[PDB]
Structure formats: C-alpha cells, structure tokens
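S.K.: Submitted below is the structure of interest, expressed as structure tokens.
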RNA sequence: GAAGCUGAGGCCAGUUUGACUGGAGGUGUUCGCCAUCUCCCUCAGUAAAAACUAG
DNA sequence: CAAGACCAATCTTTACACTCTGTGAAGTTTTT
DNA sequence: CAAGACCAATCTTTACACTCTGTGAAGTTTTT
RNA sequence: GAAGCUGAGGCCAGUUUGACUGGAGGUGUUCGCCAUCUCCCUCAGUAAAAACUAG
Ligand SMILES: Nc1ncnc2c1ncn2[C@@H]1O[C@H](COP(=O)(O)OP(=O)(O)OP(=O)(O)O)[C@@H](O)[C@H]1O
Ligand SMILES: Nc1ncnc2c1ncn2[C@@H]1O[C@H](COP(=O)(O)OP(=O)(O)OP(=O)(O)O)[C@@H](O)[C@H]1O
C-alpha cells in the first residue's frame, strides 16, 4: 500500500501548527523568502541554510519524518537512506575484477523542479488545499523547494542543506537508477550509487569499463533528464581502485573475492594525533595543528572562568575526536564481521590502532581528574 | 546430424577424377595458378574467372553441390541460398515504420581467409590427405580460395565469381549475422541481409534508426572481423524508403501493414521497349538503344547466311528480353499471392503491363512466320 | 473474417511457415510427426503470453538464429464497424475505440479517413512476438492493454 | 566446511539477506509467513538454473529494482586439497582440476601459489545469478561446465 | 594517414577564342533524382550464385 | 581512426591409494 | 555539443438499439 | 560557445634585483600522489542526510 496524502493529512499531521493561520483564513502558502535563507560559502560551493524559527523548517522536518520516508526507492541508492552507508556502496564491488567510477556534475543544482513535481505527483492526491487558488502538491513543493537569488534564471531550485533535499534527490533520481541499473545488468556489470558518485564493477575478464563506449552510454542515459558526467573525476582501473582512500582489490580471476581496506593516507591524521599524544604535545597545539578546531575569542560565553574554560574545551574536543575515530573504525570492524570482506591484516592493524586510541582516551580521562 | 568430410569423402565423391593423379602419387594439391584465372574489369570492380577445363573448376562445382550446401546458415542471409530471393530480403520490413539501409565496403575482398578456415574447420575432419605434407582442410581451401596477383600483400583471397565464393561468404558471415541479429532483436528491430546490403526496420514510433548511435554500434560489431560500413550508401528514412527502385511504404502507426511496389524508374526500360514495339521501330534499333545488346561482327560463326542471321539473332534477343521481364513480373505476382504485401493498384498496373508484354511477344512470334 | 494470417519463424518444427486464407472449416491432415499439433502449441503460447502469463519460452528450430517470431494478423474490420459507429456509445465499445482504433485513425488525415470510411473497409492489426536467445520476449506493440483486449 | 555464505537481493520476500557461518545443524525457526520456505525456493531455483533447466524466474520483492541476485560462495578448500595433490591422478580429479582450479591458479605467480600452499588454505568460489526485469538470467561465470560441476 | 568515385572516344546544345558540362515536361516531397501522372552515336568488354517460365 | 559485444558443434565429469580414512610424509532482377 | 534507451502506480475492459439481427439509412566518514 | 579548478594573507627554503612556487624518506606501480614499510604560522568561515558508541 503506497503512501497517499490528502487535505486532512496535510492539515492534521503535517502542518499541525506551522500553517494553521493560512488554512483557517484560506490564504495562499507563501514562497520561501530570502529572509528565511542564509547563503553560506564553502569552497566554490554555495550552501543554503534555513532558519529554525521559520515554520518552513518545521514542516520540512515533519515532511521528512512522515512522508518522504515511505516512498519506495531504488536499492542502488546507498546514500541519505535509512540503513544506507558508504561501506554498503563500496561492498558489491568486491566481486568485480575491473572498476570504474563516474560523477554527476552539480547533482543537486541540476535537479529540475518539474521532474520533482512529476515524481511526487502519484504519491499526493490531486486536490485544492486553499479554495481554488493553490493545490496541495503546489503547497508541498513550496515547502520543499526554493528560489535561488544568485541565479534567478533557472527558477525554483532544490538547494544543498534543505533538510529534505537528499530524500527528494533520491526519489527524483530513482528513474535513472532504474534505467542505468537495467543497462548495467544487461551488460553484466555491478552498479551502485552514493549521492552522485556512481561506481561500476565488472566481475568478468573484459575491458568494457575502460572503453569510451561505456562512458558514452552512461552519458546518453544521463542526458534524459539533463544531467552530465564530471569528466575530471572519471576513473577506470583493473584489479585495484582507490576511492577517497578506501582501496578495493581483487587479484583473482574466476569466482574470486576481493577485499576492501583503508590506506595509510586515510589513517595519517589519526596516526599523527596518537603520535603527538605519545610525545606529550600540549592539547591546544594538537587540536589546532591536526583537528583544525580552534577556540575563537568571540565564542567565549562568560569571562568568569577563561583559563579553565579553554583547557576544558580542548580536552573535550580531543576526547570527542578520539571517540569519533574510534567509532568510525568500530563501524569498519562491524561491517567486516557482518560481511567478511575487509583485509585480515588490515583488521589486525585496525585492532592495534583501536587499542591505542582506547588507551590514549583512558590516559586523557585519567589526567582529567588530576 | 552435421555434415562431416573425411579422406574417403574427398577421394570418392568430391574429387572423383579431378585430383586422382595427386592422390595416387601422394603429390601435394597445387595452388590455383594465375594461368587458370583470367582477370576481367567491370566498372572499378575486378572479377576473377576460372577456366572450365581446369580440375579446380569441377571440384569447386562438386564442392558447391555436395558440401557447402549442407552447412546450416542464418535465416537473415537471403542471398545465394536455396530459396532465398530479393523480395524475401525486402519483405520482413513491411511491418516497420522507419527504415535504415547500410552497406559493407568490398564484402568479398575483406573476407579474411583465416576466418574461412575457422568457419569450415568443425565441418571437416582433421586428417592428413597427402602423407604428412598437406591436410584435408588445406587441400579444400586450396580448391576454394585464390591468391590475387594484383595485390599479393593480402595473400589468399576469396575472389568474385569463383562459383563457391557466395556460399563461403554466407558461411563465414554467419557469425556476424548472429551477432547483429541478436543486437537488433534486443533493440526491437527487424534485420535482414542480401549479400552485403543490410536492411533494418523499426516497427515502433521511434528515431533509433536515424541516430548516429545505431551506425556506431553496427560498425563496432562489424569491426570484430574487420569489415567496414560504406558511408556513401547509408540511408535512413521514415514511412517510406526506396531500395534500387523497390519502394516499401508504411503510413500507419500501431499494428499497421506496409506495401512494396516497384516505382516508375524501375519500369521505364520495359515501358520504353513496349512503346518502341508499338511504334514499329526496327528490331535492331530497339535492341541496341534500350537492351544494350548488339551483334559484334567478330561473333558471327558462319558467312553462309548473314542477313538472315542478324535478323534472327535480334528477333531471338527481343523475345528473350520480353520473356525475362515477363517472368520477373510473374515472380512479383507470385510473391504477392503468397504473402499479400504488394500494392493492389500496382498489382493492376503489373497485370496491364504483363498483358501488353504477352500481346507484343505474340505479335512478334506471329510476324516470325511471315 | 477473423484471422488474416499466422506466421511462425524458427520456433519448434517451423522454419518459416505462413498460414493464410482461412475458411470457416479448416481440416488439417498430414503424416505422424509433421507439426500439426506444433501449430497448436505455438498459438497456445502466443495467447498465454498475450495475457501476460508466466510460461517457459518455446524451443528454437535451429540455434543458429538469435530470434524466433510469431506474427498474428487480426481482422478488425467488423469491430471497427461496430465501434466507430455513433450509435454504440457503450463503455465496452468506448474502451475498444480508445485502445485499438485510437492512435491508428489519429495518424490519418481527413481525406484518407473518408476514403477508408466510404470504400470497402479492410483494417488489420499485426502483432509480432519475438523470443530472443536469452528467453526474453519482445512485442511489436508496447501497450499491454492492446494485447489483453485482443 | 561446505557453504560460506548465501545472499539474496530483491527476490521473493527478501530485500537484502545474507546467511553465513553455517554449522553442522542449522535449525530455522520463525513465525508463520516470514520466508523460511522462501529460502528453500531460492536455493531450489538457483540449483535448477545451475543445471540449465528451463524454469520460470522467481518474482521480484519490489519492482523498483531492475535486478534480482542470488550469490553462493562454495568452499572448495577440501576439494582443492583433493585434486591438487599428485597422487589423485584419476579422470574425475583431472576434470575437477581442469574445470575449477585451473584458470584460477593460472593468474597467480609462484610466490603467491607457494604462500597459498604452505599457509592455512582457504579457497572460495563465488557464483552470482542475476535475473533481469525481462526474465533473462546472467551469470558471473560464463562457463557452463563450471556450473554443472559445482 | 584513413574514406569515397566512375569503360574509351566522337557530332550537336550550354560554359570557353578555344576546351570543358547535359540531351521530356508537369506535380509533390524526407530535397533523396526520391516518389507519381502524362508523353544523341560508335567501339570494346561483359565472372558467379539465387529467385522467377502469370492463372 | 578504433572499440566493448568474437556463432554453435565438437570428445566418458564421477575415487585413489601405502594410509580402510585422508588427499601426504540465348532471359530479367539483386549483391557488384 | 547531442542522442536512441524517458521508472512503477495510478481508475469497472465486457452490447446497443428502431433494426430480435446488424453496427445504419560537542564526534568521525561520505556526497560536497 | 561548451568543460574544468581552488578560503584571505605572512616568515623561511627553491625560481626572481625583485616577485612567484614546496616544507620525511625508502620501495613498487596501472605513473594515479596511486599503493606499502619505517620515521611551517595566523585569521575568517564552517548547511544537510545517513552509517557507526569494538567484543
Ligand atoms: N522442442 C522441439 N524442438 C524441435 N523440434 C520439436 C520440438 N518439439 C517437437 N518437435 C518436432 O515437431 C514434431 C512433433 O510432432 P507434432 O506433434 O508437432 O506433429 P503431429 O503431426 O501433431 O503429430 P501426430 O500426428 O502424432 O499428432 C517432430 O518433428 C519433432 O521433431
Ligand atoms: N512471489 C512472491 N512475491 C512476493 N512475496 C512473496 C512471494 N511468494 C511469497 N511471498 C511472501 O513470502 C512469504 C511466504 O511465506 P513463506 O512460505 O516464505 O514463509 P514460511 O515461514 O515458510 O511459512 P510457514 O511458516 O507457513 O512455513 C509471505 O510473506 C509472502 O508475502
């Protein structure tokens, strides 16, 4: 039974109180104004952040909780989904012998809003929420989408960091996930996707993934709804590939099993932090030099205790970083225990690093009481 | 039960007497020397004709009769095969809405001899015909192939006009017929081939046949054994195409039936001949101007009767041409009666032209007795 | 009439067989082991796949062909007369119009439509089922409602 | 051991289910309508397709996936010990060598082969059957002799 | 480099002071000489396979 | 210029030994 | 630059009339 | 036209008479900074979703 939303569904469990005034006075639900959205710059990328006090944030959150979480997705989408994780994206490819990796350029900016409307239409009943002026689907997309002030030409845009944007991206790209999965299956290729990074693997002894034909076919498919392939990040290798530090290897031939292991570049930062901890480097220097976390003087809440405040903050930040990396490798260990696909010697190295991390966190906590 | 040939099969029913001397003295079967092959020029094309007195011609003929006629072929090959005809090549496409036509450049010259050896190997037992010097398969290919004196670089070549060359071409191209047929079937396209002219038709409302992707895919397939597509003869049309004068039309949409009809360019010559016959033009002028048949003075066998000889020869040639075109349209009528796919009004026009042809041949025969 | 032709290519014992010019009674005679029931199996499989049943595809006559085709040419002249008329405005008639004869009279223009109406009406519907070497089945008409209605 | 793991993706009642660490006796318990016999049906279909039988493909859990995969990881350590040894020169042993463990020890070099021989031997054979949306079936190993021998 | 193209000449017309290009029109069109209606000569050289001899 | 997709047929696939258990020390038309 | 292949779900598909028959004239990591 | 790229500066080293480029090595390699072994500072700004808290 698919999820259906009617007028009562929006008015009772979705809106609750965010748009009570609009529904009692029959006033049109307004666009997300620029006053509610702040524009952050990170790299060349631009992020859009909504203010929490606005009712749009709350209705986005309850939309995410109750509506977008029930629409079926494609199993090739491993990101932003309940139970999906990067290791799951990198696992089906342990069976492959040749690997290829593609990227979609500006995935979130290139999502057409009309495609979002078409994708969400079957799951929302066609009614008139506000008299005969605004339809229910129109109000919901008014809640979900946004108009970019920097680029007014392209009109309504699903922005980065709008709470509901990832789930909507998965839903609107389910069509292409199905198309590309069908094509790869007919070619005998294992396909998976994380956000916009696509990974293909051939378990047979063939050069299909290294050919220009495969790129051309994937691009031809992606042009159906207007996406493009980032040519700078295209990668194709044999018997071993490294994706953001996680190395998948398969030296075997017929019926062989590969292994996934993080490399030393990935563990460089944690190894350096443990080395600095063993060298009795002060905590402030460790936090600033490696963890790029610093206590700006404008962030200090009170002037009553400041010398103690800085030390406690840096102690807590080091504890939090060590615990975070401890849980990141525990995730690796759990994934290996569930699937048995991580390198055994790398499992030994993980165990050693985890014991070192635990001992260092114990030492820091013991020093906290001194 | 596939056809298998052993030493006794070659020595008894194939050779019979052509290579008795070589098999009794255990002497190697020789290459087809240039003395047995004459080189004709027709257009830019070059034809190779073997002499009848040579034993190679007779063994080629009995090879064609008894061996190459039993190897299974691909039903998409409509040429040079028992029961295959051009109308059969042009018929499966009456169901299509869009048409495309491709050509293979120098099909007979581009056939690799090693491919012929590989194709014929499973059907000929691996033995030693002549001591330990020449194998049976080697002797048979010595009979079948030839070395081009003009182009010695490419080595052994299957030439045009070597009796057995068409059947061997079909056998060696069965592999690509299977490949291309499978690809088209997965794309939902009807495919047929006559010699080297390939015809594809899409019965669905789509632009697949007009796209560059289809040409690229067919060329990529054809590059497996080294063929190429003649880019000058590539054609793609919708709802109507004309192939060497035979027009296939299908104006309909879902579940429609097209019709095949010859056009007026095709019937221009026969209409002009009938017009000249009705205008009492002398037979010599009709034969020379339209039928491009002329009595060269070097061809006259006897000088006893020459004025009568020329008249009788031209009378017989006109009778033969009229009978040939009569049987060509009778073939069209029979094909229509068997499949019901020729235009009805064109059937009426064929009936009229056939009655005119029969009346003219009757008049000429009656005048023969005067 | 009902069926104009039935064509089988490379399926069971048939290489390329076309049966047409059907009459009211069609007596089939022949020696034992000549394929008389193979026609029955072919038609039965075609109609089972017409209603989207899950059945095993039939075997190919020879494996040197990558396809096996079954073609049925239904004669819809009388149904076209039934449904095109303005009197029959029922819901079944409306469904038959909106499924079969719509999108076929759409492409024709006024002159050709009037020529078809006034002259001796002869309309056919050709449906082709192609079985590939990997047991996939492809139709020449991609609307399953059309096949179920046929 | 015999079987290292069994993985089913999007077939019958399974979304992504992996069963591993098998013991000598494996008791399966659960409520009515939870898929206990669906494992039986999946394994039975996998083995029927292993011997190239003609059967209907199993239904997909959800139709929003274009594939359905069954993966079997056979444990061939003991068979590798059986066949690799120089004493067993029989014809069945020679067939097992020339079908399974040849072309797998071919790619390895002398150092890696000696490391596999001397250390604790652990060899697995992973076979994946993928059912597409159009009822076609594709294997990850294209040699039918391998599947029949398995 | 890869691709593609057509037998050898002689008057007459069109472009050239001196040699090169075509030898029914109408209509439509995907512009393909593609489709449909009506009504220049000479001389060489011309392999093979299949279909087809209305009813 | 160059490339993934390179037919379908074709041959005993069921155990060995030391180890009673372990696997090892003179027509038309088409292609042309 | 530009293009074939553009999810899977979603709604009474069984007869009409004049004509008894014919249909029509404060964590890590990843995407980023 | 289409494609792609990175926060703002200050000493020190390398290329420059006066400003620009990097701040472990070894080994192998598909040459990708890709893999494996051993051992510079400051100041801004830093949205979202999911996985993960060994046993
Ligand atoms: N799967 C198949 N693949 C190939 N040929 C087949 C297949 N099944 C049947 N045949 C062939 O078709 C024929 C089967 O006999 P069929 O039942 O079709 O004829 P029949 O005339 O109905 O027989 P009967 O007279 O006994 O009723 C045989 O020639 C057999 O070789
Ligand atoms: N073709 C199918 N497509 C989708 N789901 C199916 C299909 N066949 C069965 N199922 C689902 O799988 C389950 C079938 O019960 P199953 O026999 O697998 O469980 P079981 O535990 O063996 O039952 P029991 O306890 O009675 O033996 C049900 O949940 C049913 O919905």
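Chain B is numbered as in Swiss-Prot; the shown residues are, in order, 5-374.
Cβ coordinates come from backbone N, Cα and C, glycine included.
What Swiss-Prot records for B:25-252 is domain 'Reverse transcriptase', and it gives sequence analysis as the kind of evidence. According to Swiss-Prot, the feature Mg(2+) binding site maps to B:107, B:200, B:201.
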S.K.: If you count Cβ atoms within 10 Å of the Cβ of residue B:201 (Mg(2+) binding site), leaving out that atom itself, what do you get?
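M.R.: Around the Cβ of residue B:201 (Mg(2+) binding site), 20 other Cβ atoms lie within 10 Å.
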S.K.: If you run the three-state DSSP split on residue B:200 (Mg(2+) binding site), which class comes out?
M.R.: coil
S.K.: Are there any residues at least 6 positions away along the chain from residue B:107 (Mg(2+) binding site) with a Cβ closer than 8 Å to its Cβ? List them or say none.
M.R.: B:200, B:201, B:202, B:233, B:234, B:237, B:238
S.K.: Give the number of CB atoms, excluding that of residue B:200 (Mg(2+) binding site) itself, located within 10 Å of its CB.
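M.R.: Other Cβ atoms found within 10 Å: 19.
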S.K.: Other residues with Cβ within 8 Å of the Cβ centroid of B:107, B:200, B:201 at the Mg(2+) site?
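M.R.: Counting only non-site residues, the set is B:106, B:108, B:111, B:197, B:198, B:199, B:202, B:234, B:237.
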